[PDB]
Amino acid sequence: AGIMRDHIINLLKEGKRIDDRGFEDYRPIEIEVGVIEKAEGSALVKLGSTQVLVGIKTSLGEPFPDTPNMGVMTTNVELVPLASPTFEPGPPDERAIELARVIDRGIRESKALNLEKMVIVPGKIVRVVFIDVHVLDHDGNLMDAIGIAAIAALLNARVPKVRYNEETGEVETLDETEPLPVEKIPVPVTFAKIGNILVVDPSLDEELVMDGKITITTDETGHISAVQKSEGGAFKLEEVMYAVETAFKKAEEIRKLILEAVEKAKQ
């Protein structure tokens, strides 16, 4: 390291990146959905050598008093020490907490998981959705890997049909399953600023030398549902503009791979 900033900067001055990606290329992406078959939904996403598994476990529970009208969604990112010498055992650190929150905001604010279509008894019994993100190998850009795997696990999800028995007051969990009300596909696209250049899907080596990072999560509707400039550095307004544009373009390319992976797991 350090010797690498320079090699990376200099390559970037020549339009090159160390793995010969263009500035707007993602590494090879692998999405495999429904890999944890005991969970309601799952997705293993590989962004190059970055690997994240996301598991979706749902139960029935009480909605928050504020919102009797809405199911629950909660997102946690575990940065397991096995994923990286930088990941230590213990409660989430600020990296895990920012990843969980930004991915959550992505999905929550696009209403990609419609929490309203997850009420069973208003004010009393709602669908509760745990998005548990298990990072298995950190090789850069955990943000996108996680968002891609979160959304794809949500799309994959098959939860037990539940019905309110209006003669008994009983809630009957049925064998038959059903998708989660997933209505959008937010995808984080994340850029590393290195010098005066932004490069999409930073690898770990690019993350080590980057000035700063910005992530833009957008859905099919042409909406942004999360932005997060993360780490240090500074972006220019025009950097940000470009990133939003490019992000929409990359998101779309990603959403195609997600939906394709989602559909493959139904064959």
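One rule holds for the numbers: they count along the sequence shown, beginning at 1.
Per the PDB record, of the two stretches 156 to 164 and 101 to 109, 156 to 164 carries the greater mean B-factor over its C-alpha atoms. Once the C-alpha B-factors are averaged per stretch, 118 to 126 and 68 to 76 rank with 118 to 126 first. The residue among 151, 133, 171, 143 whose C-alpha carries the highest B-factor in the deposited model is 171. When the CA B factors of the chain's modelled residues are split into thirds, the value for residue 176 lands in the highest one. Ranked by C-alpha B-factor against the other modelled residues of its chain, residue 187 falls in the lowest third. For residue 91, the recorded CA temperature factor ranks within the highest third of the chain's modelled residues. When the CA B factors of the chain's modelled residues are split into thirds, the value for residue 36 lands in the middle one. Sorting the modelled residues of the chain by their CA temperature factor places residue 53 in the lowest third.
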